[PDB]
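Student: Mind looking over this structure? Questions follow.
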Amino acid sequence: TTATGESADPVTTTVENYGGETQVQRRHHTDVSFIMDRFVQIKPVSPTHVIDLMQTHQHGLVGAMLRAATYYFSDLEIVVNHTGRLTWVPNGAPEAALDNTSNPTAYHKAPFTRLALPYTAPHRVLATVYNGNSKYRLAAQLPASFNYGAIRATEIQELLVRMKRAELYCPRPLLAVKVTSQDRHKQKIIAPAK
Amino acid sequence: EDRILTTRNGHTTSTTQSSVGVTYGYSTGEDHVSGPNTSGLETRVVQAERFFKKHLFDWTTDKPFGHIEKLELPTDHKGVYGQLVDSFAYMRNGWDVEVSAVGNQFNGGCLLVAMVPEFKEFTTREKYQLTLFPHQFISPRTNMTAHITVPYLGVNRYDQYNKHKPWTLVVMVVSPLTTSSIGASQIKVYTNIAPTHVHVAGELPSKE
Amino acid sequence: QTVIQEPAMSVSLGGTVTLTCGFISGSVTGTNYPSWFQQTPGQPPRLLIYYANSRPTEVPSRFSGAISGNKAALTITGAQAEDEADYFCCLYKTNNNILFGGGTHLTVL
Amino acid sequence: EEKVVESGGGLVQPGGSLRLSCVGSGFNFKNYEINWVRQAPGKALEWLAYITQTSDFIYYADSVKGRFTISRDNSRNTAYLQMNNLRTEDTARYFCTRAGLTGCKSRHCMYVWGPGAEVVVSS
Amino acid sequence: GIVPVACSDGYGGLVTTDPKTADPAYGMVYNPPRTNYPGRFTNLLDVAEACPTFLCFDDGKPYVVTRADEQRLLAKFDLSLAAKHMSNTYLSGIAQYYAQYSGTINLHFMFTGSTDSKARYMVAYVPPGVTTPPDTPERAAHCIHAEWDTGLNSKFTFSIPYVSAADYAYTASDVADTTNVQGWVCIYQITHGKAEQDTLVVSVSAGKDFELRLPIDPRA
Amino acid sequence: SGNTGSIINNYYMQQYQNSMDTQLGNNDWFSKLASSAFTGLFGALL
């Protein structure tokens, strides 16, 4: 207690300052690798889709945790529900290559297709925000090289992506639900029907 | 009193008598410089590791909480550093930022000086979490200077500063300036910014 | 209304004249950030004094400002033939209210 | 030369709506603040509205709150002042001003002034 | 000659949190180096503990200002992570994605006033069990509280203890409840000398033993 | 690792299952910040 505020050095007091005892902490569920290793849904999906992790909903679990980091690295695992033949290409591939079966191509089995894809970007890490343009001037557009490749099929219905080996580097603001004109955000919590 | 600190970059010196320390950003040192993307042709220019000055804004009593003034750190530099930017294709460097807001101990309020990588225009709600970035506060009761040191970081090991600005110096009002009869009417905010560990690669042809 | 400014003043050529700007009730201080403008007829206003002490580089050194007697003061030393115009005093009071003076029609004799 | 040019004025009936444009040249329009000041013939200046560099904070005079709306487009280097429910007392010469100079970076500068757009409201 | 296998019926299928890994499709790929990349954080609560974020009082201000009135309660808020006062904090931002929490929450009070302004403040933890938080420091002095003065050190940190019946508390608040299951945190201004128009900036960060568990995905 | 059980070793080689990492020339910044946080009281205690 009673430090210099302006120095911005971390100060973490505990309950022993007034007679309490600090308890055991188990922080497995806030680990980055654990929290990011889930299937999040890419809702806007077309027959030819370029896999960009910024397509995730900004208020979803994985989406918001990703947007809370400036830079990220992860291997990618996809689940695709397609009605034709699914072809995947790496980052630098021309769009015309999606029509050729010598590329990684999965044939429709029945429920859906689950594949593991490597990180193919030519960059050290990928960024959720880029302050500039890679074209030879608004910065709202991420460089075209921030993607995990592209997939093409006759029709894609659902696309789930899972971040493996996730690594997040520079934290960014993460917002909860806006609360106005009330003391707490009151929402229905699951309670037994009785 | 440990409150006197002298920073000396190159042949330039900046001394403050109301220091609250140095915040070392996201790392206490630089990462590896001789990467495989330059084929060993990078070289270090020590003549550009000097202090240069810039005016940020006039902190007045009308500015409420959330007023942000930004400064993308690779800026219009009229010295050796700008010459390097115009003469080499690829460049990397950290920053050593000192922000001065000199009033007197009878003024109130508080400024938040933060270095934001890959800056994007923050919404009103996001300004409440601006302390997630390397930062210090400036309060006239305590200090007149905030000193932040950050490394080079980005998607690429070397950047083209005419296409991308990794860093941005964000100064935000946390508490409005308070002026009594004996305090300063307003506070002008200035910067002493020094590039650190400047490396260049790729010699460009002469501009005619 | 709120800000009191002399309707007009007369100064001889090459002389010195001081203009007075203040409130009906209260004292003008640095917190109000006084500003002075010059507006010849048929011309957009030109900034002369900001912060009651500073002068834009283009503005001649003749025009000077200060705070004296709890009122904003504009001083012109060695008036020329080009100083005959309407001088306005600008005062800050809350973010939603910016007050302008009545306007002194200075006449150079 | 840092200059501001404004247009869009004219003669309209009371209760009408119109938009005043404000095109700036010679400076980065996104790095400066815009103030709108109107001057009735034979009257003094009157500050109307104020917008920041990124529209974070917007302020209107107590007498023109609600009726007037101010906006800016940094990409087009143009500032807009939308006026609705115009009254008979709104007839004045409207100025679009840029706040800021070399040694002054705040809303109290009021450095660059446009020629002025004439807006006349009458029955 | 083939091993017989019983293909169980309920097993298989896709679970979005399933701990299996998919079959590889594309061969040996070497990533470009990222050794010693600055900034890395491997646990969200490390960031929450290291970097406090501001609360929200009044008309959306991160500070409480000295009141001219005789009222001495600067601010009171529900201890819930879903409270209006915490709604713009990193701690709440990450706690919205977990069902339950436990541990200590730290409040940081940074005084930002002229050196001629002196004040004494009091922060009190009011457990549940009372219908209304006390509005006076002499009634709140009977609960866990801390008083401090302003001086050279402008920042004071207070730990809100986790005292509850259950081992874990809910991060969300239910509609069918008018009083928070956790108590309140009241901030009082005991006294002040020439401290009008002087502000007390309040921040929040996770404590040493703060814990979040059970990830969820609400609309958020 | 991350969210993985599977006490049995993976059927496929690590070269195909995941992209491999290279190096140049412990590493968590915010763990170090949290560990270096000042605890206890500053002045005298009674």
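Just remember, in the structure tokens the first chain shown is A, the second B, etc., residues are 1-based per chain, and ligands are 1-based in the order shown.
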Could you tell me, as a PyMOL selection string, which residues of segment 46-192 of chain A DSSP assigns to alpha helix (DSSP H) when given the backbone?

Tutor: chain A and resi 61-67

Student: Quick check for you: according to DSSP on this backbone, which residues of segment 76-185 of chain A are classed as strand (DSSP E or B)? Reply as a PDB file with C-alpha atoms, in the first residue's frame.

Tutor:
```
ATOM      1  CA  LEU A  76      -4.977 -23.862 -37.255  1.00  0.00           C
ATOM      2  CA  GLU A  77      -7.518 -26.697 -37.285  1.00  0.00           C
ATOM      3  CA  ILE A  78     -10.675 -26.372 -39.381  1.00  0.00           C
ATOM      4  CA  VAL A  79     -14.000 -28.197 -39.542  1.00  0.00           C
ATOM      5  CA  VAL A  80     -15.792 -27.669 -42.857  1.00  0.00           C
ATOM      6  CA  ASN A  81     -19.324 -28.753 -43.781  1.00  0.00           C
ATOM      7  CA  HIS A  82     -19.278 -28.769 -47.586  1.00  0.00           C
ATOM      8  CA  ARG A  85     -14.989 -31.303 -52.958  1.00  0.00           C
ATOM      9  CA  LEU A  86     -12.900 -29.191 -50.580  1.00  0.00           C
ATOM     10  CA  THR A  87      -9.523 -27.792 -51.673  1.00  0.00           C
ATOM     11  CA  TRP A  88      -7.117 -25.760 -49.529  1.00  0.00           C
ATOM     12  CA  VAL A  89      -4.143 -23.623 -50.582  1.00  0.00           C
ATOM     13  CA  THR A 105      -8.068 -31.784 -51.280  1.00  0.00           C
ATOM     14  CA  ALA A 106     -10.561 -33.559 -49.026  1.00  0.00           C
ATOM     15  CA  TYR A 107     -13.365 -35.644 -50.487  1.00  0.00           C
ATOM     16  CA  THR A 113     -14.397 -32.682 -42.848  1.00  0.00           C
ATOM     17  CA  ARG A 114     -11.885 -32.028 -40.056  1.00  0.00           C
ATOM     18  CA  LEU A 115      -8.337 -31.052 -41.038  1.00  0.00           C
ATOM     19  CA  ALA A 116      -5.244 -29.678 -39.329  1.00  0.00           C
ATOM     20  CA  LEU A 117      -3.476 -26.886 -41.190  1.00  0.00           C
ATOM     21  CA  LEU A 126       0.161 -12.128 -37.452  1.00  0.00           C
ATOM     22  CA  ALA A 127      -1.410  -8.885 -36.250  1.00  0.00           C
ATOM     23  CA  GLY A 132      -0.352   1.129 -42.401  1.00  0.00           C
ATOM     24  CA  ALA A 150      -8.098 -20.228 -48.659  1.00  0.00           C
ATOM     25  CA  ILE A 151     -10.604 -23.036 -49.163  1.00  0.00           C
ATOM     26  CA  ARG A 152     -12.972 -23.644 -52.069  1.00  0.00           C
ATOM     27  CA  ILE A 156     -19.627 -24.346 -47.842  1.00  0.00           C
ATOM     28  CA  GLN A 157     -22.306 -24.378 -45.150  1.00  0.00           C
ATOM     29  CA  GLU A 158     -20.406 -24.157 -41.846  1.00  0.00           C
ATOM     30  CA  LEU A 159     -16.780 -23.365 -41.033  1.00  0.00           C
ATOM     31  CA  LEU A 160     -15.271 -23.887 -37.582  1.00  0.00           C
ATOM     32  CA  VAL A 161     -11.666 -22.948 -36.827  1.00  0.00           C
ATOM     33  CA  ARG A 162      -9.567 -23.953 -33.824  1.00  0.00           C
ATOM     34  CA  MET A 163      -6.350 -22.212 -32.778  1.00  0.00           C
ATOM     35  CA  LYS A 164      -3.649 -24.716 -31.843  1.00  0.00           C
ATOM     36  CA  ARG A 165      -0.413 -23.705 -30.111  1.00  0.00           C
ATOM     37  CA  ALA A 166      -1.830 -20.228 -29.568  1.00  0.00           C
ATOM     38  CA  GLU A 167       0.533 -17.409 -28.582  1.00  0.00           C
ATOM     39  CA  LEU A 168      -0.624 -13.864 -27.795  1.00  0.00           C
ATOM     40  CA  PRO A 171      -2.620  -6.925 -24.765  1.00  0.00           C
ATOM     41  CA  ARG A 184     -25.460  -4.390 -12.346  1.00  0.00           C
TER      42      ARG A 184
END
```

Student: Please return, as JSON, numbers by chain, all residues of chain B lying within 9 Å of chain E when only C-alpha atoms are considered.

Tutor: {"B": [25, 26, 27, 29, 30, 31, 32, 35, 36, 65, 66, 104, 105, 106, 107, 108, 109, 110, 125, 126, 127, 128, 129, 130, 131, 132, 133, 139, 140, 141, 142, 151, 152, 153, 174, 175, 176, 178, 179, 180, 183]}

Student: Rounded to one decimal place, report the atom CA of residue 167 of chain E-atom CA of residue 206 of chain E distance in Å.

Tutor: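 Distance reported for this atom pair: 17.3 Å.
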
Student: Between atom CA of residue 187 of chain A and atom CA of residue 57 of chain E, measure the distance and give it in Å to one decimal.

Tutor: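 Value for the atom CA of residue 187 of chain A-atom CA of residue 57 of chain E distance: 21.9 Å.
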
Student: Would you mind listing, as a PyMOL selection string, all residues of chain B that have at least one atom within 7 Å of chain A, where only C-alpha atoms are what counts?

Tutor: chain B and resi 20-21+118-119+126+129-130+132+135-138+155-156+163-166

Student: Please, could you write that set of residues out with N, CA and C atoms as a compact mmCIF listing (two decimals), in the first residue's frame?

Tutor:
```txt
# COMPACT_ATOMS: atom_id res chain seq x y z
N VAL B 20 10.19 9.77 -11.85
CA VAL B 20 9.57 8.66 -11.15
C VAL B 20 10.03 7.32 -11.71
N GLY B 21 11.19 7.30 -12.36
CA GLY B 21 11.74 6.09 -12.93
C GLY B 21 11.52 6.02 -14.43
N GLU B 118 0.68 -0.50 -32.95
CA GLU B 118 -0.37 -0.63 -33.96
C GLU B 118 -1.63 0.13 -33.53
N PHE B 119 -1.47 1.44 -33.40
CA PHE B 119 -2.55 2.27 -32.87
C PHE B 119 -3.77 2.25 -33.77
N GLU B 126 -13.10 2.07 -24.57
CA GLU B 126 -11.76 1.48 -24.54
C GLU B 126 -10.74 2.38 -23.86
N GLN B 129 -9.33 1.35 -20.45
CA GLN B 129 -8.36 0.27 -20.34
C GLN B 129 -7.04 0.63 -21.00
N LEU B 130 -6.76 1.92 -21.17
CA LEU B 130 -5.56 2.35 -21.87
C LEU B 130 -4.28 2.06 -21.09
N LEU B 132 -3.26 -0.78 -20.24
CA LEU B 132 -2.69 -2.05 -20.66
C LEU B 132 -1.40 -1.88 -21.44
N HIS B 135 3.17 2.70 -20.00
CA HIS B 135 2.63 4.01 -19.68
C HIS B 135 3.23 4.54 -18.39
N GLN B 136 3.13 5.86 -18.22
CA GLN B 136 3.30 6.52 -16.94
C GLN B 136 2.30 7.66 -16.85
N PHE B 137 2.07 8.13 -15.64
CA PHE B 137 1.21 9.28 -15.41
C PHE B 137 2.06 10.52 -15.18
N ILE B 138 1.50 11.67 -15.53
CA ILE B 138 2.09 12.97 -15.19
C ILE B 138 1.08 13.72 -14.34
N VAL B 155 5.19 -7.03 -37.20
CA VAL B 155 4.99 -8.25 -37.96
C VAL B 155 6.28 -8.66 -38.66
N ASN B 156 7.01 -7.70 -39.19
CA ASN B 156 8.24 -7.95 -39.94
C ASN B 156 9.44 -7.53 -39.12
N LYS B 163 5.49 3.05 -45.14
CA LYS B 163 4.29 2.23 -45.31
C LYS B 163 3.66 1.80 -44.00
N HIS B 164 4.36 1.91 -42.87
CA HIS B 164 3.87 1.35 -41.62
C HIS B 164 4.56 2.04 -40.46
N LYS B 165 3.78 2.44 -39.46
CA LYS B 165 4.29 3.04 -38.23
C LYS B 165 3.99 2.12 -37.06
N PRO B 166 4.97 1.36 -36.56
CA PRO B 166 4.69 0.41 -35.48
C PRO B 166 4.14 1.05 -34.22
```

Student: What is the atom CA of residue 145 of chain E-atom CA of residue 123 of chain E distance in Å, reported with one decimal?

Tutor: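 Atom-to-atom, atom CA of residue 145 of chain E to atom CA of residue 123 of chain E, that is 5.6 Å.
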
Student: Identify which of the residues A:3, A:35, A:11, A:185 lies closest to residue 1 of chain F, counting only C-alpha atoms when measuring atom-to-atom distances.

Tutor: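 Nearest candidate to residue 1 of chain F out of A:3, A:35, A:11, A:185: A:35.
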
Student: What lies within 6 Å of segment 38-46 of chain F using only C-alpha atoms, ignoring chain neighbours under 4 positions off, as a PyMOL selection string?

Tutor: chain A and resi 1+11-13

Student: Would you output that residue set with N, CA, C and O atoms, as a PDB file, in the first residue's frame?

Tutor:
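As a result, part21.pdb now contains:
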```pdb
ATOM      1  N   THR A   1       0.828  -1.198   0.000  1.00  0.00           N
ATOM      2  CA  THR A   1       0.000   0.000   0.000  1.00  0.00           C
ATOM      3  C   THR A   1       0.864   1.249   0.000  1.00  0.00           C
ATOM      4  O   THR A   1       2.045   1.191   0.339  1.00  0.00           O
ATOM      5  N   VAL A  11       1.689  -2.780  -8.259  1.00  0.00           N
ATOM      6  CA  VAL A  11       1.553  -2.906  -6.814  1.00  0.00           C
ATOM      7  C   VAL A  11       0.423  -3.885  -6.543  1.00  0.00           C
ATOM      8  O   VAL A  11      -0.724  -3.631  -6.927  1.00  0.00           O
ATOM      9  N   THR A  12       0.740  -4.996  -5.887  1.00  0.00           N
ATOM     10  CA  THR A  12      -0.229  -6.054  -5.618  1.00  0.00           C
ATOM     11  C   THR A  12      -0.251  -6.322  -4.118  1.00  0.00           C
ATOM     12  O   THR A  12       0.547  -7.108  -3.605  1.00  0.00           O
ATOM     13  N   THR A  13      -1.168  -5.667  -3.415  1.00  0.00           N
ATOM     14  CA  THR A  13      -1.349  -5.951  -2.004  1.00  0.00           C
ATOM     15  C   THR A  13      -2.202  -7.199  -1.823  1.00  0.00           C
ATOM     16  O   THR A  13      -2.925  -7.628  -2.725  1.00  0.00           O
TER      17      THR A  13
END
```

Student: So that I can check the surroundings of segment 46-56 of chain D, please list as a ChimeraX atom specification every protein, DNA and RNA residue that reaches within 6 Å of it, counting only C-alpha atoms and ignoring chain neighbours fewer than 2 positions away.

Tutor: /D:30-38,58-61

Student: Could the residues in this selection be written to a file with N, CA, C and O atoms, as a PDB file, in the first residue's frame?

Tutor:
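Saved as out_23.pdb:
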```pdb
ATOM      1  N   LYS D  30      -7.114  16.534 -41.104  1.00  0.00           N
ATOM      2  CA  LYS D  30      -7.400  15.613 -40.011  1.00  0.00           C
ATOM      3  C   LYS D  30      -6.656  15.965 -38.728  1.00  0.00           C
ATOM      4  O   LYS D  30      -6.987  15.420 -37.671  1.00  0.00           O
ATOM      5  N   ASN D  31      -5.668  16.855 -38.790  1.00  0.00           N
ATOM      6  CA  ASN D  31      -4.855  17.194 -37.630  1.00  0.00           C
ATOM      7  C   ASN D  31      -5.291  18.484 -36.947  1.00  0.00           C
ATOM      8  O   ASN D  31      -4.583  18.968 -36.059  1.00  0.00           O
ATOM      9  N   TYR D  32      -6.431  19.053 -37.333  1.00  0.00           N
ATOM     10  CA  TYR D  32      -6.856  20.330 -36.781  1.00  0.00           C
ATOM     11  C   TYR D  32      -8.338  20.288 -36.438  1.00  0.00           C
ATOM     12  O   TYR D  32      -9.073  19.390 -36.853  1.00  0.00           O
ATOM     13  N   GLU D  33      -8.760  21.285 -35.668  1.00  0.00           N
ATOM     14  CA  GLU D  33     -10.114  21.390 -35.152  1.00  0.00           C
ATOM     15  C   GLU D  33     -10.863  22.488 -35.896  1.00  0.00           C
ATOM     16  O   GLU D  33     -10.267  23.463 -36.362  1.00  0.00           O
ATOM     17  N   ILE D  34     -12.180  22.326 -36.001  1.00  0.00           N
ATOM     18  CA  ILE D  34     -13.020  23.204 -36.808  1.00  0.00           C
ATOM     19  C   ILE D  34     -14.045  23.879 -35.908  1.00  0.00           C
ATOM     20  O   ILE D  34     -14.731  23.211 -35.126  1.00  0.00           O
ATOM     21  N   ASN D  35     -14.145  25.201 -36.023  1.00  0.00           N
ATOM     22  CA  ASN D  35     -15.134  26.001 -35.317  1.00  0.00           C
ATOM     23  C   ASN D  35     -15.960  26.775 -36.332  1.00  0.00           C
ATOM     24  O   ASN D  35     -15.427  27.264 -37.332  1.00  0.00           O
ATOM     25  N   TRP D  36     -17.260  26.890 -36.075  1.00  0.00           N
ATOM     26  CA  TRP D  36     -18.156  27.662 -36.925  1.00  0.00           C
ATOM     27  C   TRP D  36     -18.611  28.911 -36.186  1.00  0.00           C
ATOM     28  O   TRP D  36     -19.139  28.821 -35.073  1.00  0.00           O
ATOM     29  N   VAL D  37     -18.399  30.068 -36.806  1.00  0.00           N
ATOM     30  CA  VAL D  37     -18.758  31.359 -36.234  1.00  0.00           C
ATOM     31  C   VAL D  37     -19.603  32.112 -37.250  1.00  0.00           C
ATOM     32  O   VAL D  37     -19.250  32.172 -38.433  1.00  0.00           O
ATOM     33  N   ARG D  38     -20.715  32.681 -36.795  1.00  0.00           N
ATOM     34  CA  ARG D  38     -21.583  33.484 -37.639  1.00  0.00           C
ATOM     35  C   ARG D  38     -21.601  34.926 -37.148  1.00  0.00           C
ATOM     36  O   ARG D  38     -21.491  35.194 -35.948  1.00  0.00           O
ATOM     37  N   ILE D  58     -18.086  16.989 -29.397  1.00  0.00           N
ATOM     38  CA  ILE D  58     -18.839  17.945 -30.199  1.00  0.00           C
ATOM     39  C   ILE D  58     -19.594  18.871 -29.256  1.00  0.00           C
ATOM     40  O   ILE D  58     -20.256  18.404 -28.322  1.00  0.00           O
ATOM     41  N   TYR D  59     -19.496  20.176 -29.498  1.00  0.00           N
ATOM     42  CA  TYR D  59     -20.116  21.178 -28.644  1.00  0.00           C
ATOM     43  C   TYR D  59     -20.883  22.178 -29.495  1.00  0.00           C
ATOM     44  O   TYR D  59     -20.433  22.555 -30.579  1.00  0.00           O
ATOM     45  N   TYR D  60     -22.040  22.608 -28.994  1.00  0.00           N
ATOM     46  CA  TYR D  60     -22.855  23.616 -29.652  1.00  0.00           C
ATOM     47  C   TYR D  60     -23.156  24.744 -28.679  1.00  0.00           C
ATOM     48  O   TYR D  60     -23.201  24.541 -27.463  1.00  0.00           O
ATOM     49  N   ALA D  61     -23.363  25.938 -29.227  1.00  0.00           N
ATOM     50  CA  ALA D  61     -23.784  27.066 -28.414  1.00  0.00           C
ATOM     51  C   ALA D  61     -25.188  26.827 -27.870  1.00  0.00           C
ATOM     52  O   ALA D  61     -26.000  26.124 -28.476  1.00  0.00           O
TER      53      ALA D  61
END
```

Student: Please report as a ChimeraX atom specification which residues of chain D come no farther than 12 Å from chain C, using only C-alpha atoms.

Tutor: /D:3-5,35-39,41-51,57-65,93-117

Student: Store the residues of this selection in a file with N, CA and C atoms, as a compact mmCIF listing (two decimals), in the first residue's frame.

Tutor:
```txt
# COMPACT_ATOMS: atom_id res chain seq x y z
N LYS D 3 -5.45 27.86 -46.22
CA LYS D 3 -6.67 28.63 -46.43
C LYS D 3 -7.88 27.71 -46.33
N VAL D 4 -9.02 28.29 -45.96
CA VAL D 4 -10.28 27.58 -45.82
C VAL D 4 -11.30 28.24 -46.73
N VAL D 5 -11.97 27.44 -47.56
CA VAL D 5 -12.97 27.93 -48.50
C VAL D 5 -14.29 27.23 -48.18
N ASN D 35 -14.14 25.20 -36.02
CA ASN D 35 -15.13 26.00 -35.32
C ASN D 35 -15.96 26.78 -36.33
N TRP D 36 -17.26 26.89 -36.07
CA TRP D 36 -18.16 27.66 -36.93
C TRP D 36 -18.61 28.91 -36.19
N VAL D 37 -18.40 30.07 -36.81
CA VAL D 37 -18.76 31.36 -36.23
C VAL D 37 -19.60 32.11 -37.25
N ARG D 38 -20.71 32.68 -36.79
CA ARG D 38 -21.58 33.48 -37.64
C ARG D 38 -21.60 34.93 -37.15
N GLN D 39 -21.73 35.85 -38.09
CA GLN D 39 -21.73 37.29 -37.80
C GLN D 39 -22.86 37.94 -38.58
N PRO D 41 -25.01 41.06 -40.00
CA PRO D 41 -24.57 42.38 -40.45
C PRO D 41 -24.75 43.43 -39.35
N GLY D 42 -23.67 44.16 -39.08
CA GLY D 42 -23.69 45.16 -38.03
C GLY D 42 -23.60 44.62 -36.62
N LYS D 43 -23.36 43.33 -36.46
CA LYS D 43 -23.28 42.69 -35.15
C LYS D 43 -21.89 42.12 -34.93
N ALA D 44 -21.68 41.59 -33.73
CA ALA D 44 -20.41 40.98 -33.37
C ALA D 44 -20.40 39.50 -33.73
N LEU D 45 -19.23 38.88 -33.58
CA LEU D 45 -19.09 37.46 -33.85
C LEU D 45 -19.83 36.63 -32.81
N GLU D 46 -20.23 35.42 -33.21
CA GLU D 46 -20.95 34.51 -32.34
C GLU D 46 -20.51 33.09 -32.64
N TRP D 47 -19.88 32.44 -31.67
CA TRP D 47 -19.42 31.07 -31.85
C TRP D 47 -20.61 30.11 -31.84
N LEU D 48 -20.65 29.20 -32.81
CA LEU D 48 -21.78 28.29 -32.98
C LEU D 48 -21.46 26.86 -32.56
N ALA D 49 -20.44 26.25 -33.15
CA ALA D 49 -20.19 24.83 -32.94
C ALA D 49 -18.69 24.57 -32.92
N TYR D 50 -18.33 23.37 -32.48
CA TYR D 50 -16.94 22.98 -32.35
C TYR D 50 -16.84 21.46 -32.44
N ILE D 51 -15.92 20.97 -33.27
CA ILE D 51 -15.70 19.54 -33.45
C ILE D 51 -14.20 19.27 -33.37
N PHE D 57 -15.39 14.76 -29.44
CA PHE D 57 -16.17 15.70 -28.65
C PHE D 57 -16.79 16.75 -29.57
N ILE D 58 -18.09 16.99 -29.40
CA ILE D 58 -18.84 17.95 -30.20
C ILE D 58 -19.59 18.87 -29.26
N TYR D 59 -19.50 20.18 -29.50
CA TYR D 59 -20.12 21.18 -28.64
C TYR D 59 -20.88 22.18 -29.49
N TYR D 60 -22.04 22.61 -28.99
CA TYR D 60 -22.86 23.62 -29.65
C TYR D 60 -23.16 24.74 -28.68
N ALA D 61 -23.36 25.94 -29.23
CA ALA D 61 -23.78 27.07 -28.41
C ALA D 61 -25.19 26.83 -27.87
N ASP D 62 -25.47 27.42 -26.71
CA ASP D 62 -26.75 27.19 -26.04
C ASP D 62 -27.92 27.62 -26.90
N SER D 63 -27.73 28.62 -27.77
CA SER D 63 -28.80 29.13 -28.61
C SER D 63 -29.00 28.33 -29.89
N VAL D 64 -28.09 27.42 -30.23
CA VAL D 64 -28.20 26.67 -31.47
C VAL D 64 -28.13 25.17 -31.20
N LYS D 65 -28.30 24.78 -29.94
CA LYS D 65 -28.30 23.36 -29.61
C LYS D 65 -29.52 22.67 -30.22
N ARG D 93 -23.55 36.05 -41.63
CA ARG D 93 -22.43 35.59 -42.44
C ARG D 93 -21.71 34.49 -41.68
N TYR D 94 -21.73 33.28 -42.23
CA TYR D 94 -21.20 32.10 -41.55
C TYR D 94 -19.75 31.88 -41.94
N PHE D 95 -18.89 31.74 -40.93
CA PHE D 95 -17.46 31.52 -41.13
C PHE D 95 -17.09 30.13 -40.66
N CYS D 96 -16.28 29.43 -41.45
CA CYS D 96 -15.68 28.17 -41.05
C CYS D 96 -14.22 28.44 -40.71
N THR D 97 -13.84 28.17 -39.46
CA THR D 97 -12.52 28.52 -38.96
C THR D 97 -11.76 27.27 -38.54
N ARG D 98 -10.44 27.33 -38.69
CA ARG D 98 -9.54 26.29 -38.22
C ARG D 98 -8.84 26.78 -36.97
N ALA D 99 -8.86 25.96 -35.92
CA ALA D 99 -8.23 26.29 -34.65
C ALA D 99 -6.85 25.63 -34.60
N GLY D 100 -5.81 26.45 -34.47
CA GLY D 100 -4.47 25.92 -34.34
C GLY D 100 -3.43 26.68 -35.13
N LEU D 101 -2.25 26.86 -34.54
CA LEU D 101 -1.12 27.49 -35.22
C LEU D 101 0.16 26.91 -34.64
N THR D 102 1.30 27.51 -34.99
CA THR D 102 2.60 26.94 -34.63
C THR D 102 2.77 26.82 -33.12
N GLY D 103 2.51 27.90 -32.39
CA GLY D 103 2.71 27.89 -30.95
C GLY D 103 1.44 27.75 -30.15
N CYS D 104 0.34 27.40 -30.81
CA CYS D 104 -0.96 27.27 -30.16
C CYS D 104 -1.63 26.02 -30.71
N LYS D 105 -1.84 25.02 -29.85
CA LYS D 105 -2.54 23.79 -30.24
C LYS D 105 -3.63 23.53 -29.21
N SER D 106 -4.78 24.15 -29.43
CA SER D 106 -5.96 24.00 -28.58
C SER D 106 -7.13 24.63 -29.33
N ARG D 107 -8.29 24.67 -28.68
CA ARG D 107 -9.47 25.26 -29.29
C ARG D 107 -9.50 26.78 -29.18
N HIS D 108 -8.56 27.38 -28.45
CA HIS D 108 -8.56 28.81 -28.20
C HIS D 108 -7.73 29.59 -29.21
N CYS D 109 -7.26 28.93 -30.27
CA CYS D 109 -6.38 29.60 -31.23
C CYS D 109 -7.19 30.45 -32.21
N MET D 110 -8.06 29.82 -32.99
CA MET D 110 -8.90 30.50 -33.98
C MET D 110 -8.05 31.29 -34.97
N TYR D 111 -7.22 30.57 -35.72
CA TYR D 111 -6.21 31.20 -36.56
C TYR D 111 -6.71 31.45 -37.99
N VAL D 112 -7.12 30.39 -38.68
CA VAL D 112 -7.49 30.48 -40.09
C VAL D 112 -8.99 30.72 -40.19
N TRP D 113 -9.37 31.74 -40.96
CA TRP D 113 -10.77 32.08 -41.19
C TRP D 113 -11.06 32.06 -42.69
N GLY D 114 -12.23 31.54 -43.04
CA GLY D 114 -12.66 31.53 -44.42
C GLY D 114 -13.26 32.85 -44.84
N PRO D 115 -13.48 33.00 -46.14
CA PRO D 115 -14.11 34.24 -46.64
C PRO D 115 -15.48 34.49 -46.06
N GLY D 116 -16.25 33.45 -45.77
CA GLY D 116 -17.58 33.62 -45.22
C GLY D 116 -18.68 33.33 -46.22
N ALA D 117 -19.63 32.48 -45.83
CA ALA D 117 -20.76 32.13 -46.68
C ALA D 117 -21.99 32.90 -46.21
```

Student: Would you mind listing, for every residue of chain C within 7 Å of chain B, the two atoms forming the shortest contact and the distance between them in Å to one decimal, using only C-alpha atoms, sorted by chain and ascending residue number, as a tab-separated table?

Tutor:
```
residue	atom	partner	partner_atom	distance
C:30	CA	B:185	CA	5.2
C:31	CA	B:185	CA	5.4
C:94	CA	B:62	CA	7.0
C:95	CA	B:62	CA	6.1
```

Student: Give me the residues near residue 15 of chain F as a VMD selection string, where near means some atom within 9 Å (using only C-alpha atoms) and where sequence neighbours in that chain fewer than 3 positions away do not count.

Tutor: (chain E and resid 27 to 30) or (chain F and resid 12 18 to 20)
